[PDB]
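Asks: Protein chains in written order, with the entry's author numbering: chain A, 14 to 18, 26 to 70, 76 to 144, 153 to 175, 186 to 246, 259 to 295; chain B, 345 to 393; chain C, 394 to 589. Virtual Cβ for every residue (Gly too), placed ideally from N, Cα, C.
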Amino acid sequence: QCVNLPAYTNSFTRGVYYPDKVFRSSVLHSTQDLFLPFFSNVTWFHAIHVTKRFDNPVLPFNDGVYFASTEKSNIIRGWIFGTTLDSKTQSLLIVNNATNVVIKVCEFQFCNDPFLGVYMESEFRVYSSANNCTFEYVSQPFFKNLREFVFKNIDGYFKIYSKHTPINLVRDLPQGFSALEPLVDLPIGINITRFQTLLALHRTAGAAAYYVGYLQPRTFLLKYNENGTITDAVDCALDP
Amino acid sequence: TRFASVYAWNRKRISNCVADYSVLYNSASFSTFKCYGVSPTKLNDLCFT
Amino acid sequence: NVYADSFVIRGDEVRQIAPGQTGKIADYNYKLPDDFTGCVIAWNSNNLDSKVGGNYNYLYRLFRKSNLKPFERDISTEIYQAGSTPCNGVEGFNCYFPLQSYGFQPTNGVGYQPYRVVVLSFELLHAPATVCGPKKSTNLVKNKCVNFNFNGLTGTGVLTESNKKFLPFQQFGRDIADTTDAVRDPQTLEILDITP
Ligand SMILES: *[C@@H]1O[C@H](CO)[C@@H](O[C@@H]2O[C@H](CO)[C@@H](O)[C@H](O)[C@H]2NC(C)=O)[C@H](O)[C@H]1NC(C)=O
Ligand SMILES: *[C@@H]1O[C@H](CO)[C@@H](O[C@@H]2O[C@H](CO)[C@@H](O)[C@H](O)[C@H]2NC(C)=O)[C@H](O)[C@H]1NC(C)=O
Ligand SMILES: *[C@@H]1O[C@H](CO)[C@@H](O[C@@H]2O[C@H](CO)[C@@H](O)[C@H](O)[C@H]2NC(C)=O)[C@H](O)[C@H]1NC(C)=O
Ligand SMILES: *[C@@H]1O[C@H](CO)[C@@H](O[C@@H]2O[C@H](CO)[C@@H](O)[C@H](O)[C@H]2NC(C)=O)[C@H](O)[C@H]1NC(C)=O
Ligand SMILES: CCCCCCCC/C=C\CCCCCCCC(=O)O
Ligand SMILES: *[C@@H]1O[C@H](CO)[C@@H](O)[C@H](O)[C@H]1NC(C)=O
Ligand SMILES: *[C@@H]1O[C@H](CO)[C@@H](O)[C@H](O)[C@H]1NC(C)=O
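(1) Output yes or no for whether 8 angstroms exceeds the beta carbon distance between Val511(C) and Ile434(C).
(2) Would you please state the rounded distance, in angstroms, between the beta carbons of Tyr204(A) and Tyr37(A)? I believe it to be under 8 angstroms.
(3) Is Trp104(A) buried or exposed, if buried means 16 or more other CB atoms sit within 10 Å of its CB?
(4) For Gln563(C), decide whether its Cβ has a neighbour in chain A, counting only Cβ atoms nearer than 8 angstroms.
(5) Can you look up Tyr204(A) in the DSSP assignment and give me helix, strand or coil?
(6) So if DSSP puts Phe275(A) in a beta bridge, which residue, or which two residues, is it bridged to?
(7) Would you kindly check if the distance between the Cβ of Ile100(A) and the Cβ of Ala263(A) is under 8 angstroms?
(8) Along the chain, where does the beta strand (DSSP E) that runs through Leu390(B) open and close?
(9) In three-state terms, what does DSSP make of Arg408(C)?
(10) Check each residue of the region 233-244 of chain A: if its Cβ is closer than 9 angstroms to any Cβ of chain C, include it; give the result in chain order.
(11) One question on the structure: do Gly268(A) and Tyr91(A) come within less than 8 angstroms of each other, judged by their Cβ atoms?
(12) Going by alpha carbons, who is nearest to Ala260(A) out of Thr29(A), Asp215(A) and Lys77(A)?
(13) On the three-pair Cβ rule with 8 angstroms, is the region 188-195 of chain A touching the region 205-212 of chain A?
(14) Measuring straight from C-alpha to C-alpha, what distance separates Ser383(B) and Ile472(C)?
(15) Whose Cβ in chain A lies nearer than 9 angstroms to the Cβ of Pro426(C)?
(16) Could you work out which residues of chain A lie near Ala419(C), taking near to mean beta carbons separated by less than 9 angstroms?
(17) Relative to ligand 4, is the shortest distance from any of its heavy atoms to the C-beta of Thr236(A) smaller than 7 angstroms?
(18) Kindly confirm or deny that the region 486-497 of chain C and the region 440-453 of chain C touch, where touching means at least three C-beta pairs closer than 8 angstroms.
(19) Leaving aside the five residues before and after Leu110(A) along the sequence, list all residues of the same chain whose C-beta is less than 8 angstroms from its C-beta, in chain order.
(20) Determine, using beta carbons only, whether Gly413(C) comes closer than 8 angstroms to chain B.
(21) Could you pull the DSSP bridge partners for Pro225(A) from this structure?
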């Protein structure tokens, strides 16, 4: 029914992911790819304080997005990816409506302020209309948590890498190292330049925060364990 | 309207022009188009001597 | 990862479905990546896709502001503005509807008859595979010099049982020299070491 209604932080060596599915042990592998520049400025958005802050602007999607979110009550529900985000062109909807994971590539007439509602889930005010839908992909029905995602759009494939990590922290991006694992490759085949996060409001925002950084073509030196796991990396353009 | 015979073939000089061959997309259909010493996808980005 | 892309084009444009081609199809309708792995299959379907009085169901994009990226699909149908004058959703002078219809008649010349194209895309020998060719499997022979074929990976060596544990999305393991030294048996999911 389509109802109506900057901060910066550091990326302490975050956003590294597994480049392939081949098992390797005890090796240093050098890779050139789209990575998050180590120690670069991400942008900070939040939703807090019953309403004071509800950050869901339309951000660019340049070559890929690192998306992190520190939350405790599942406010972040998914994203919208597209180029014009209206029914003229095709768009990608990824949403978790508390029961399924819905991945749709349709022609959406999005709301100016899209969100979902919890009163129990009560509202799905995302888009006015869906037409000409090409792709669908669902699942089975159904600050403490840091959830990191890397979104890439290459050769017609939408690649998603993800990692959920338990944290215990008050304010900012946890300084650490964690390698993201391949989540899914979707053959959506669309043109993506902008994106927007889908939040769930209470009927009040709640409390959650997410950070957005942009990937760039970088050279990284990845270190593989004696097991398959990636334990460290080097950003060759960070410093001498 | 008229092409030449293969035995006496026609040569035409082309100069001072922009080779925007997408103007042919509306009217022309070519069974053969093979380029030598150049890639077809690079033709939009070159100046020919 | 077998994918089947399918469509119908003119016969004269079948050459345009290949890596590194240019033309109305490769530019505005369907582009293949340069590092394409897979197969392109085409065949004349004049007796199916052409009817008397023309068959006008099959469309193609004639105008587009820029070339497509590989494997990108554009189904927008907004007026293409060919001049400086703006088009406000109305076809007119220097304003063209971007899609045009093939005219497929049974007596069209072979260059103008419909051809059904199928492009199969897949990757080879790097990840678990669920589609295979019709080859019968033999019993496993270990501790002996054999020629082997594991999920398409052929070779020669001695097969021995392995201690490695692959994550579920992994099928092969490699060395510093990048040769395959561990494999997972397809019939029984047991890791085996390959030794020269
Ligand atoms: C969350 O979204 C899913 C995806 O559409 C909904 O699931 C389907 O619901 C429709 C309409 O209720 C049915 O026609 C389909 O058969 C359902 N399919 C599946 C696989 O469940 C689901 O109902 C939504 N839930 C909420 C609470 O909004
Ligand atoms: C995309 O949407 C358009 C418009 O909704 C579809 O065009 C309609 O299709 C129906 C049924 O095939 C026809 O009765 C209409 O005449 C078509 N045009 C319009 C303006 O409604 C089109 O088929 C859809 N599919 C694709 C692939 O574009
Ligand atoms: C690498 O993989 C091994 C094998 O699963 C992990 O195992 C540990 O193995 C040692 C030696 O048997 C035990 O003492 C530990 O209790 C095991 N830990 C767990 C959690 O099972 C090992 O942890 C992995 N990582 C490293 C760095 O070796
Ligand atoms: C993907 O979408 C973007 C945005 O619509 C396209 O970018 C534009 O390109 C046209 C034609 O060159 C320009 O008129 C616009 O001004 C551009 N806008 C922006 C925001 O860049 C882009 O061309 C599309 N990708 C492809 C491969 O066509
Ligand atoms: C009038 C002649 C001008 C020639 C200028 C030289 C530039 C050569 C590069 C491109 C021109 C060749 C035309 C190709 C037609 C499109 C190919 C296709 O339909 O798939
Ligand atoms: C929200 O604001 C936009 C302007 O950006 C407007 O088009 C829309 O009508 C507003 N929402 C509602 C429900 O009116
Ligand atoms: C981020 O921005 C600040 C302020 O402009 C700058 O001092 C810093 O060097 C930039 N890069 C880092 C380290 O994130």
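Replies: The short version:
(1) yes
(2) Going by Cβ atoms, the distance from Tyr204(A) to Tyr37(A) rounds to 4 angstroms, so yes, they are a contact pair.
(3) buried
(4) yes
(5) strand
(6) Per DSSP, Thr51(A) and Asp290(A).
(7) It is a contact, given that the beta carbons lie within the stated cut-off.
(8) Counting along the chain, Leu390(B) falls outside any beta strand (DSSP E), and DSSP gives it neither H nor E.
(9) helix
(10) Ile233 and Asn234
(11) yes
(12) Of the listed residues, the one whose Cα sits closest to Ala260(A) is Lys77(A).
(13) In short, these stretches touch, since the Cβ pair count reaches three.
(14) 31 angstroms
(15) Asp198 and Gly199
(16) None at all; the shortest Cβ gap to chain A is about 15 angstroms.
(17) yes
(18) yes
(19) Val83, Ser116, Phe133, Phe135, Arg237 and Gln239
(20) Chain B contact via Cβ: present.
(21) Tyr204(A)
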